[PDB]
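The structure appears right after this line, and notes come after that.
Order of the sequence lines fixes the chain letters, A, B, ..., with proteins taken first and strands second; residue numbering starts at 1 for each chain.
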Amino acid sequence: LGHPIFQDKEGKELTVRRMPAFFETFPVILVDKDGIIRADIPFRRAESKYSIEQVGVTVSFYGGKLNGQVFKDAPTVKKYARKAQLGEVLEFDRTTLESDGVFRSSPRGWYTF
Amino acid sequence: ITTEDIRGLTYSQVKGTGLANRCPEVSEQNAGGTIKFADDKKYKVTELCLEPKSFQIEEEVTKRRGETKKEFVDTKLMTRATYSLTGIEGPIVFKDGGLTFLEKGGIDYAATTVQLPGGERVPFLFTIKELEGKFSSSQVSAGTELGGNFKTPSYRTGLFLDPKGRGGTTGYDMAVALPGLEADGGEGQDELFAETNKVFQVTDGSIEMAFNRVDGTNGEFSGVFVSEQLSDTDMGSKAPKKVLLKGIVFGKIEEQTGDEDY
Amino acid sequence: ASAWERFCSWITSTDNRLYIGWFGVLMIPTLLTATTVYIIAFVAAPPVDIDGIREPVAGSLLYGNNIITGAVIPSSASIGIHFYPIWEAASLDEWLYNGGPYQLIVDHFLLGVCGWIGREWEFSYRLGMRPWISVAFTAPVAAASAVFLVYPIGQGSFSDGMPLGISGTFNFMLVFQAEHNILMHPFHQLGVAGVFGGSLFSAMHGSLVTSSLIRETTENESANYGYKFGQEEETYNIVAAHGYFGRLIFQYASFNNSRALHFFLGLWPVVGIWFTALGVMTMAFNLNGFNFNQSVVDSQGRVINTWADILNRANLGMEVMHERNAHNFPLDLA
Amino acid sequence: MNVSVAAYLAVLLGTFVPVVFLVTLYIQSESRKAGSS
Amino acid sequence: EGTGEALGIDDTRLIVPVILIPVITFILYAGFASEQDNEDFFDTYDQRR
Amino acid sequence: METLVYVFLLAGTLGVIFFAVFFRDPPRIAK
Amino acid sequence: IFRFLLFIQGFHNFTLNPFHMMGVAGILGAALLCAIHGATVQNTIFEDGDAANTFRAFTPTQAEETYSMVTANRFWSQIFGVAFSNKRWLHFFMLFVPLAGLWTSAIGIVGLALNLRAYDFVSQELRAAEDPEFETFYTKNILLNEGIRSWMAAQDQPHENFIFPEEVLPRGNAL
Amino acid sequence: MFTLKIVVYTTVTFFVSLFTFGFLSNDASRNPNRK
Amino acid sequence: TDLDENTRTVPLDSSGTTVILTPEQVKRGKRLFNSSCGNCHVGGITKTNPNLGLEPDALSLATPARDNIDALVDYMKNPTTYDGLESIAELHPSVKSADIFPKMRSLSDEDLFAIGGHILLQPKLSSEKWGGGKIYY
Amino acid sequence: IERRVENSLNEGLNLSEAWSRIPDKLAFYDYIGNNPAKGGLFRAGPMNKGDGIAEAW
Amino acid sequence: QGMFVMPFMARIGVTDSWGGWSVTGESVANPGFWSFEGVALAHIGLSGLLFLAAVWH
Amino acid sequence: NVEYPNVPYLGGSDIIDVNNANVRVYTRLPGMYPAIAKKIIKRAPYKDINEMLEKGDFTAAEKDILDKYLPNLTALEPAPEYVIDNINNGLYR
Ligand code: CLA
Ligand code: CLA
Ligand code: CLA
Ligand SMILES: CC(C)=CCC/C(C)=C/CC/C(C)=C/CC/C(C)=C/CC/C(C)=C/CC/C(C)=C/CC/C(C)=C/CC/C(C)=C/CC/C(C)=C/CC1=CC(=O)C(C)=C(C)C1=O
Ligand SMILES: CCCCCCCCCCCCCCCC(=O)OC[C@H](COP(=O)(O)OC[C@@H](O)CO)OC(=O)CCCCCCCCCCCCCCC
Ligand code: HEM
Ligand code: OEX
Ligand SMILES: [Cl-]
Ligand SMILES: [Fe+2]
């Protein structure tokens, strides 16, 4: 689907911090260029400072099939922040094999084990 | 049980006996009165206690996936002795062509649960919160009835978190235990939106209390009520079921003291 | 020559396949009741409102659990440590809603293991053997009473006892660590020493006895058949094992006496498990493990973290996430 | 419960094959003991 | 529960088994006891049954 | 359906325990 | 080491690992064997003296068993249904249990080296995702693991420079 | 509920009385060294 | 770094004047804080009313502002609500209410000074720990 | 069913009312899928596994 | 539903369940012991007792 | 609710949504927490801040404080999920 550039409300480029392999579940936080936290997907919405609603973020896609598309609603920004947490964002067929949405190990890991 | 008898009992006697959940009643000896609403005197309800004695749930007549016919069914209580509502109080005002009681306090809700034949559990919030009751006269006496509609809040509030840490006012906004499902760029976890999107929805109900005993000396009244409301929705995941409660009611009418701060 | 005398002879008979005795009179019915109710509740039981907040938790196989996740859920927190038999419930359905089977199973099982202690003493008396195997059994029982009974008493709720399952056992562990810091509590450390040393001495003793077995067997035959049941002679050379272990470390360390050796074998794990059971009994009343958080500060006075602080972070994560909907106030005093 | 389907075969056959192996090893041995006498 | 009845006896019916079953057991035990040599002894325990 | 397998395995373990307790090889002293 | 224990639990859910279960079974069973064997041997000792303290009544070089195997076998057979009848089997068993436990748990930790972890039961995760009233102690353990990870990562992995605001930290009501 | 209560009371009293009057029936003598 | 005077200089009055606490003063202030109010105010929080902590943000936004030694010391004898309209001496430890709060009976003016110095010194020691709560333990 | 609706029609009812009085169970019996002579030797399982679970008439 | 052995219970008396339902369609308020579940448990217990008697013989 | 566009005004921004904000947020504005916020939350649903000033029963000093902090205050559509938790939302510290 292409690279999701995260243009904040003004136009600064946010980036979603990537999930480390250790973490089964990682919070979605959008660090700045220097990396001070700018926006995130809050767990507790009350008294939220760095919500994407408050800061204001838009997802502009570059490359891929979703190229040249500029989504600027908060919901659709959040949905692709969740995807950008996992690195590059891709489309998947989960019906051919009835996939269950939990990651597996490659032959490298199974050989190693 | 009369109010005169509750005063006689100490807490040690009443504790652990189930009498605390039981709604009082006006004695037959002290009855036939008339709680007249004098003008130039603001009146209010107090101690409006409602004990439901029978619980019924509108269950589908069959487990067919398209079943539209439903009949109310007898239910037995999983929770024990928490059902009664006590202390409800409110101002009596001339909002419209007749007097009306506005609910503004008290315990005024009970998060009870029942089980139907077949073993299905229905939780519901038996409540009269925000009731707008209308008296059937300008004077409370035997045969007078107070009835109206009320707004039942959600069984779970926003701060409640489901087993996967999802709530209305807080919690995860995704099924964190399925990152591969959220990895998809086309749909993601859109299928689980109904369960992930926790919605606080306030439902409607109606109550019809009928006062069969009234006393002018104490301002007390007692009788029976039938109330209709909706059951728990699990923040919009479930479809609400209709709950029909019936039982007894006690209450008192006094003059507003100016310190109530309604 | 009296009916009561014949009954007492039969009960105290050393000819029954399984000895009953007078402690068995109390053990067998209680343990059988606990087994029956546990099996029935584990295979099929409705969800239980453990936390007293009308949020039932499933523990039975029929309600979507496996052997690892299945459990007999602790009682409801609304009950507290009130006695909750079947006859104190308005109906059996609401008895199962508030986790009464846990109370039934725990009470019957605790009485049964007490009867097992007494029955172990009893048979020994009939045998003419010395007592005290019973004393060793107490250490496992003490731990079971600490987790199933004393911890509810101290905390004031049978919801706080350990669930009768595998995943529930892990849950009880993590909550106990979050609330009490059992790992830093020295009695649990003594228990860890007890179990690790029990494994060490078991492996060592088995290795040395198996290593010095006297040759009584051919090459096409298992060495175990070199020992005949009820023989008078020793099946291995104590001198050889003792000398090998003396050369391994130093002569003075080895137990040249076999009776002292076996007393030490019976002593180390029993005392360790006694201490950890007592530690759980004391943390029931909130005498927690050590709290070295923010114990190192620089000259200015700002906290330099230690491993205690990093452990505190995990304890704090478990503390905040446990029972998410049960707490309405900042302190976890209950 | 969306459980696997070959897990049934895995569990049942991984229990069955060793169990019948042990039962055969016991029956063979006993038969031989009886035949010796 | 939490009412404070002695031995949980809220109904008077509960006492009939609680008092009688020990009494039948006591009666059966008395036949054993009356058959014993009930004189004193100077020992740690009685070896006579 | 997995409850069938779980129950069968637990019952089989209990049966093995029963047969081990009550149909053990009787200990006897050699000569 | 305590921090390692809780870190491995929070990030791998190592208690759910069946190989860890086999290992703790081996350890606790070995402690059990040690305790029962010590008690049984000390309590079926033959009367080889007239002193109440029976430790001195053993000679290292004696060719006689100092305790009754037959009496211990009778005791444990009629108390527990089964009992050792062979000393050599008993002492090999005492060896095998802890060693087997350690090797089994080693297999589990080798699995955890590659993040090949028995973290979750997928069936229950899917059911709880589609059924927000389905709760098990397993799901509570998963929530506790999430709490451990999120509240531990910032101070436990300072090289990562994790700044988790209070908004994103997974919490519960009140505490 | 009361029927179950009295049945459980009957059973508990029966076994407790058996235990009580059994250990009271000169249990100390039931050892292999008697006489 | 040492406990230099830059750390030990705290605001004294509302105008902006500062005062350099002595090491004896900060030691006594820490001991007095932990002994007299640590039970509720451990870590710069308020256990009984967590809406109002001892972090400098809350003290500065109080009416009167309590981000100085004189204002804190006045609070320890004339405590008031967060808006400074009602006296809470009957619900708060104060030297004027020490009979019902027996921990404030022995405190002198220098003790109150040291306690205020400890309160104002803490936030300089940590960026977020003082009044941060569990999140920064 | 035919004689029931016929005597209903003779009572003055119309086809809609006459057929509405026929119980769903009786109409369910008058259906070939309920016939035992329609299954198969290796078509295994409940009858609901074939045509389906009957919902309405 | 492919209920093979249950109709033989229902044929000669056992029409109720401990779960509060009946094959006749009515809802049972106070089911007795001899329900479907009770009959099943009784048969299992008889199986165990007969097994023990077989061992003794 | 995976989306709630009025989150910024719940206590995290410079503007406070009066209708469904917890009392704690008024600690940010000096002189309003214990007394003024009680009357703000009592008659919580307001059409706008003007109706709040008219309806809130404020004393003259309270009106002066509210005149100071008018630009920090707004009144959006009441949210039931947030109004129920306007005095105690479980957020302590
Ligand atoms: C390698 C690391 C390690 C080690 C060695 C231990 C060791 C121990 N932990 Mg653990 N623990 C660990 C890590 C570790 N822990 C961590 C990281 C945490 C933090 C989360 C904890 C938190 C923790 C807690 C909170 C507790 C323990 C406890 C224990 C003890 C459990 C064994 C026991 O007491 O059995 C003794 C024996 C028994 C409990 C069994 C009773 C047996 C009964 C009497 C009979 C049962 C009969 C049965 C039902 C039927 C038989 C069937 C028949 C067919 C055969 C032991 C000292 C527990 C303890 O000390 O309990 C007192 C305890 O409460 N640990
Ligand atoms: C009943 C409770 C229980 C029990 C019995 C165990 C048992 C075990 N756990 Mg633990 N564990 C528990 C609960 C429990 N766990 C819980 C609840 C958790 C989750 C919080 C964990 C988390 C956990 C982890 C993360 C790991 C274990 C591991 C182990 C194994 C440790 C083996 C050992 O003895 O290492 C002791 C160490 C050794 C034997 C190594 C060699 C030691 C040499 C010989 C020492 C020589 C010292 C020398 C003389 C110098 C001394 C100097 C002096 C100054 C000190 C063992 C199977 C480990 C494992 O699985 O390993 C495969 C492991 O990594 N557990
Ligand atoms: C004569 C007695 C009898 C009868 C009339 C029925 C009748 C029924 N049973 Mg069955 N059942 C029986 C005995 C009987 N059962 C026994 C003894 C058992 C215990 C094992 C079961 C276990 C059982 C279950 C678990 C279920 C049923 C169900 C059913 C229904 C569907 C039948 C079906 O699909 O068959 C299908 C039959 C076949 C595909 C094979 C039939 C043809 C022959 C006999 C094959 C012979 C092959 C031969 C042995 C060679 C094999 C070689 C090998 C190497 C592969 C039906 C009401 C189902 C139901 O609806 O339950 C609610 C269901 O789920 N039954
Ligand atoms: C509805 C139902 C049934 C519910 C059940 C639900 C539930 C949660 C299920 C539990 C599932 C369960 C069983 C899973 C267990 C899985 C698990 C982790 C298995 C571990 C297996 C594994 C391969 C581990 C490797 C380590 C291993 C070898 C351990 C073995 C442990 C073991 C058996 C140790 C011995 C224990 C023991 C009781 C010894 C008793 C010995 C005894 C009788 C002493 C006798 C004796 C002593 C003397 O000294 C002398 C002198 C004499 C003469 C003498 O006789
Ligand atoms: C009144 C109360 C009565 C309750 C009694 C209950 C007793 C339970 C019996 C268990 C023994 C099981 C068979 C063991 C196997 C067996 O037959 O062993 C019999 C074996 C006899 O060995 P011998 O020394 O005779 O063997 C020498 C020969 O092997 C030659 O090499 O004795 C032991 O090793 C038993 C000690 C371990 C006993 C613990 C065994 C593990 C128990 C765990 C059971 C699993 C529970 C899971 C259920 C899902
Ligand atoms: C030496 C003694 C104490 C000192 C110096 C002290 C300090 C303070 C300060 C400065 C405040 C105001 C915080 C702010 O404005 O944000 C405060 C408030 C408060 N303190 Fe303390 N305190 C002391 C003892 C205690 C103890 C022991 C308790 C409780 C057990 C307590 C409970 C409270 C409460 C309830 C308030 C009232 C806040 C309000 O209503 O505005 N304090 N304290
Ligand atoms: O429930 Mn079981 O658990 Ca002992 O703490 Mn308080 O309450 Mn709940 O919390 Mn943490
Ligand atoms: Cl709370
Ligand atoms: Fe040995």
Checking C:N325 side chain against B:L161 main chain: does a donor-acceptor pair fall under 3.5 Å? yes

Shortest non-hydrogen contact from G:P132 to G:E130? CD-O, 3.6 Å

Quick one: pull up CD1 in C:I73 and CZ in C:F158 and give me the separation to the nearest 0.5 Å. 16.0 Å

Any donor-acceptor pair under 3.5 Å from B:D234 side chain to B:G236 backbone: no

C:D160 side chain to C:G156 main-chain N or O, any donor-acceptor pair under 3.5 Å? no

To the nearest 0.5 angstrom, please state how far the CZ atom of F:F8 sits from the CD atom of F:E2. 15.5 Å

Could you tell me which non-hydrogen atom of B:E51 sits nearest to which non-hydrogen atom of B:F225, and how far apart they are? O-CE2, 3.7 Å

B:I107, CD1: over 12 other non-hydrogen atoms inside 6.0 angstrom: no

Nearest 0.5 Å, please: how far is CG in G:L175 from CD in C:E319? 5.0 Å

Partner of B:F150 under side-chain contact (heavy atoms from CB on, under 4.5 Å), chosen from B:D204, B:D108, B:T203, B:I207: B:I207

Is it the case that the ring center of B:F126 lies less than 6.0 angstrom away from the ring center of B:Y109? no

Please round to the nearest 0.5 Å and tell me the distance separating atom CD of B:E58 and atom NZ of B:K69. 11.5 Å

Any side-chain to backbone donor/acceptor pair from K:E37 onto K:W18? Under 3.5 Å, distance only. yes

Could you give all pairs that pass the side chain to side chain donor-acceptor pair (under 3.5 Å) test and reach residues 29-51 of chain C, with sequence neighbours left out? none

Does this structure show an ion pair linking B:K241 with B:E120, if we count only N-O contacts that are shorter than 4.0 Å? yes

Note: H:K5-E:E5 ion pair, threshold 4.0 Å (strictly below): no

State whether the number of non-hydrogen atoms from other residues, nucleotides or ligands found under 6.0 Å of K:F33 atom CZ is greater than 12. yes

Could you go step by step and tell me if C:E94 and B:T79 meet the side chain to side chain donor-acceptor pair (under 3.5 Å) rule? CA-CA 7 Å; C:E94 80 93 6; B:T79 67; over 6 Å; no

Stepwise, does the side-chain contact (heavy atoms from CB on, under 4.5 Å) test hold for B:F160 with B:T170? CA-CA 8 Å; B:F160 176 81; B:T170 175; over 6 Å; no

For the residue pair C:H322 / C:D332, report whether a side-chain donor-acceptor contact shorter than 3.5 Å exists. yes

F:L10 versus C:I67: any side-chain heavy-atom pair under 4.5 Å? yes

After noting the C-alpha distance and the side-chain angles of B:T127 and B:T152, does the key distance pass the side chain to side chain donor-acceptor pair (under 3.5 Å) rule? CA-CA 6 Å; B:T127 183; B:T152 76; over 6 Å; no

Does a donor on one side chain sit under 3.5 Å from an acceptor on the other, for K:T24 and K:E26? yes

Spatial distance of atom CG (G:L143) from atom CE (C:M318) [nearest 0.5 Å]: 13.5 Å

Kindly say whether the aromatic ring centers of C:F172 and C:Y151 come within a distance under 6.0 Å. yes

Evaluation steps, side-chain contact (heavy atoms from CB on, under 4.5 Å), between B:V243 and B:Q56: CA-CA 6 Å; B:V243 191; B:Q56 289 184 84; over 6 Å; no

In terms of side-chain geometry, is the basic nitrogen of C:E323 or G:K140 positioned less than 4.0 Å from the acidic oxygen of its partner? no

Locate the shortest heavy-atom distance separating B:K198 from B:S237; write the atom from each residue and the value. NZ-OG, 4.5 Å

Looking at C:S76, is its backbone amide N or carbonyl O close enough to the side chain of C:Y102 to form a donor-acceptor pair, meaning the two atoms are under 3.5 Å apart? no

Closest non-hydrogen atoms of B:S154 and B:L125, given as atom of the first, atom of the second and distance, are O-CD2, 4.0 Å

Greater than 12 external heavy atoms within 6.0 Å of B:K76's NZ: no

Identify the two heavy atoms, one from C:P163 and one from G:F137, that lie closest to each other, and give their separation to 0.1 Å. CG-CZ, 3.3 Å

Worked verdict on B:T62 versus B:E67 for side chain to side chain donor-acceptor pair (under 3.5 Å): CA-CA 7 Å; B:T62 319; B:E67 189 85 324; 2.9 Å; yes

Can the positive tip of G:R127 be found less than 6.0 Å from the middle of the six-membered ring of G:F134, inside 45° of the ring normal? yes

Applying side-chain contact (heavy atoms from CB on, under 4.5 Å), run through B:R156 and B:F200 and close with a yes or a no. CA-CA 8 Å; B:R156 314 298 201 182; B:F200 191 108; over 6 Å; no

Give a yes or no on whether F:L4 atom CG has more than 12 heavy-atom contacts from other residues, nucleotides or ligands under 6.0 Å away. yes

Does G:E133 come within less than 4.0 Å of B:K238, counting only side-chain N to carboxylate O? yes

Between C:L110 and C:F148, the two heavy atoms sitting closest are CD1-CB, 4.4 Å

Does any part of the side chain of G:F121, heavy atoms only, come nearer than 4.5 Å to the side chain of D:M1, both counted from C-beta? no

Hey, are the side chains of D:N2 and G:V122 touching, using non-hydrogen atoms and a 4.5 Å cut-off? no

Between G:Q124 and G:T136: side-chain donor-acceptor atoms closer than 3.5 Å: yes

Would you check, one step at a time, whether the test salt bridge (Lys or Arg N to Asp or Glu O under 4.0 Å) holds for B:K242 with B:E71? CA-CA 10 Å; B:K242 261 182 255 164; B:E71 63 185 342; over 6 Å; no

Between G:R171 and G:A174, is there a donor-acceptor pair closer than 3.5 Å when you use the side chain of the first and the backbone of the second? yes

Supply the atom-to-atom distance B:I57 CD1 to B:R121 CZ, rounded to the nearest 0.5 angstrom. 14.5 Å

May I ask you to say whether B:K70 pairs ionically with B:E59, meaning some side-chain N is under 4.0 Å from a carboxylate O? no

Between C:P46 and C:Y97, is any pair of side-chain heavy atoms under 4.5 Å apart? no

Would you call B:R80 and C:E88 a salt bridge, taking side-chain N to carboxylate O under 4.0 Å as the test? no

Any side-chain to backbone donor/acceptor pair from E:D11 onto E:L14? Under 3.5 Å, distance only. no

If we ignore angles and hydrogens, is there a donor and acceptor under 3.5 Å between the side chains of C:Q103 and C:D107? no

Please assess B:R166 against B:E195 for the test salt bridge (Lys or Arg N to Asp or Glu O under 4.0 Å), listing each intermediate value before the final yes or no. CA-CA 9 Å; B:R166 306 175 291 189; B:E195 304 88 338; over 6 Å; no

Determine yes or no for a side-chain-to-main-chain donor-acceptor pair under 3.5 angstrom, with C:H108 supplying the side chain and C:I105 the backbone. no

Can you tell me if C:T69 uses its side chain to pair, donor with acceptor, with the backbone of C:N66 under 3.5 Å? yes

K:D16 vs K:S22, test: side chain to side chain donor-acceptor pair (under 3.5 Å). Steps then yes/no. CA-CA 4 Å; K:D16 292 353; K:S22 192; 2.9 Å; yes

Does any N or O in the side chain of B:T169 come within less than 3.5 Å of the main-chain N or O of L:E81, such that one atom is a donor and the other an acceptor? yes

